[PDB]
Amino acid sequence: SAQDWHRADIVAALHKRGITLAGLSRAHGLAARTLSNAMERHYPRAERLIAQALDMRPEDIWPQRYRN
Amino acid sequence: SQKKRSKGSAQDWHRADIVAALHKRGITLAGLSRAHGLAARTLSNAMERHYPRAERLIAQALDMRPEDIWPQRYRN
DNA sequence: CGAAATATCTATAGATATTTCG
DNA sequence: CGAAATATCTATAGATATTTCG
C-alpha cells in the first residue's frame, strides 16, 4: 500500500464502474485527454477527480506523489 | 550478476542535481531548449515526466546517457 | 469489423512563487 | 532594482501504435 497504482489498474478500476478517463474528463468540462495526463505526472486536481470517481483518496492511489 | 543488480536498483537523479550539473557547465534548461529550436520551458518538462527526446538532449549536454540520469524511466 | 479509449512520444503555455543573475 | 530561470499546478494537442468495446 506504499506503491502507486499501475496506470492499467487505475484504468481497469474505472472501467469496471462504467467510467472512462475520457468520459470523466469531458463530464468535468475538460478536454477528453486531460485527466489521463495524471497517469504520467503529478497533477493534483486530475488526481483528485480520478480518486473521487473511485471513491478513494488520491494519496491512496498515488502514495509516492503525496509523501510530503 | 553484480553489475545487473546495481542497474536494477539505480535511482533517478534528483531534479535539483540535474539543474546544478547543467549550471556548473554554464548551461540552463531554458538556454539549452532555445538552442535546439524549442520553447524556453520545453526541456524542463523532462524534470516532471518521461520525455525521451528532452532526456536525450539534457543527457547530451552533461556528456551522459539518459538511462544513467533516469534509470527508472529506462527499466524494461 | 470500425469507433473509441489508452499508451506514447511529440511540444506547448498561463498564473504564481521563489531563486538566481546582470 | 527588473529580468531570467526554475518549480508547481493549471490545462492542452498532433501523430502513431495498440488495446478494448459495442
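A note on names: the letters A, B, ... follow the listed sequences, proteins ahead of strands, and every chain is numbered from 1. Hydrogens, waters and symmetry mates are skipped; everything else that's a heavy atom, side chains included, is used.
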Could you state the atom-to-atom distance from [atom1] of [X] to [atom2] of [N] in whole Å?
X: A/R48; N: D/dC9; atom1: CZ; atom2: P; value: 12 Å
X: B/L43; N: D/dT6; atom1: CG; atom2: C1'; value: 13 Å
X: B/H36; N: C/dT10; atom1: NE2; atom2: P; value: 14 Å
X: A/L21; N: D/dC21; atom1: CG; atom2: P; value: 13 Å
X: B/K24; N: C/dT20; atom1: NZ; atom2: P; value: 16 Å
X: A/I10; N: C/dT6; atom1: CD1; atom2: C1'; value: 13 Å
X: B/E48; N: D/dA11; atom1: CD; atom2: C1'; value: 12 Å
X: A/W62; N: D/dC9; atom1: CH2; atom2: P; value: 14 Å

- Query: Hey, are the side chains of A/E59 and A/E47 touching, using non-hydrogen atoms and a 4.5 Å cut-off?
  - Reply: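 Of all side-chain heavy-atom pairs linking A/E47 with A/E59, none is under 4.5 Å.
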- Message: Taking the side chain as everything from C-beta on, heavy atoms only, tell me whether B/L32 gets closer than 4.5 Å to B/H36.
- Response: yes
- Query: Among C/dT6, C/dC9, C/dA7, which nucleotide sits nearest the side chain of B/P52?
  - Reply: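 Nearest to the side-chain atoms of B/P52, counting from C-beta on, is C/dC9.
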- D/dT12, C/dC9, D/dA11: which one has an atom nearest the side-chain heavy atoms of A/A31? D/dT12
- Task: Measure from the side-chain N and O atoms of B/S6 to the backbone N and O of B/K3, and report whether any donor-acceptor pair falls under 3.5 Å.
- Result: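 Not a single qualifying donor-acceptor pair exists.
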- Message: Could you check whether any side-chain N or O of B/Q11 sits under 3.5 Å from a backbone N or O of B/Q72, counting only pairs where one atom can act as donor and the other as acceptor?
- Response: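 Looks like no, no N/O pair under 3.5 Å.
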- Item | Assigned partner base of D/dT20, Watson-Crick or wobble definition, under 3.5 Å |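 Because both required distances fall under 3.5 Å, D/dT20 counts as paired with C/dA3.
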- What is the base-pairing partner of C/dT12, counting Watson-Crick and G-U wobble geometry with both distances under 3.5 Å? D/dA11
- Message: Let me spell it out: for each of A/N37 and B/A40, pick the nucleotide of DNA chain D with the closest heavy atom. Which residue's pick is nearer the 5' end?
- Response: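 The answer here is B/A40.
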- Message: Distance check, rounded to the nearest 0.5 Å: A/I61 atom CD1 versus A/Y66 atom OH?
- Response: 9.0 Å
Across the strands shown, which category fits [X] at heavy-atom distances under 4.0 angstrom: base, sugar-phosphate, nothing?
X: A/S36; answer: nothing
X: A/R41; answer: base
X: B/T42; answer: sugar-phosphate

Atom pairs, protein N/O to nucleotides 14-19 of chain D N/O, distance under 3.5 Å:
| residue | atom | partner | partner atom | Å |
| --- | --- | --- | --- | --- |
| D/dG14 | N7 | A/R33 | NH1 | 2.9 |
| D/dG14 | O6 | A/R33 | NH2 | 2.7 |

- Query: Mapping A/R26 and B/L38 to their closest nucleotides on DNA chain C, which lands nearer the 5' end?
  - Reply: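 This one resolves to A/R26.
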- Does CZ in A/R17 sit with more than 12 non-hydrogen atoms of other residues, nucleotides or ligands closer than 6.0 Å? yes
Determine: side-chain N/O of [X] to OP1/OP2 of [N], distance under 4.0 Å, yes or no.
X: B/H50; N: C/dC9; answer: yes
X: A/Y43; N: D/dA11; answer: yes
X: A/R7; N: C/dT6; answer: no

- Is D/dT10 north-puckered or south-puckered, judged from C1'-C2'-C3'-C4'? north
- Walk me through it: do A/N37 and A/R41 pass the test side chain to side chain donor-acceptor pair (under 3.5 Å)? CA-CA 7 Å; A/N37 192 253; A/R41 82 190 165 117; 2.6 Å; yes
- Item | With B/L22, the side-chain contact (heavy atoms from CB on, under 4.5 Å) member among B/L29, B/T28, B/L43 |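 Per the side-chain contact (heavy atoms from CB on, under 4.5 Å) rule, the option paired with B/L22 is B/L29, out of B/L29, B/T28, B/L43.
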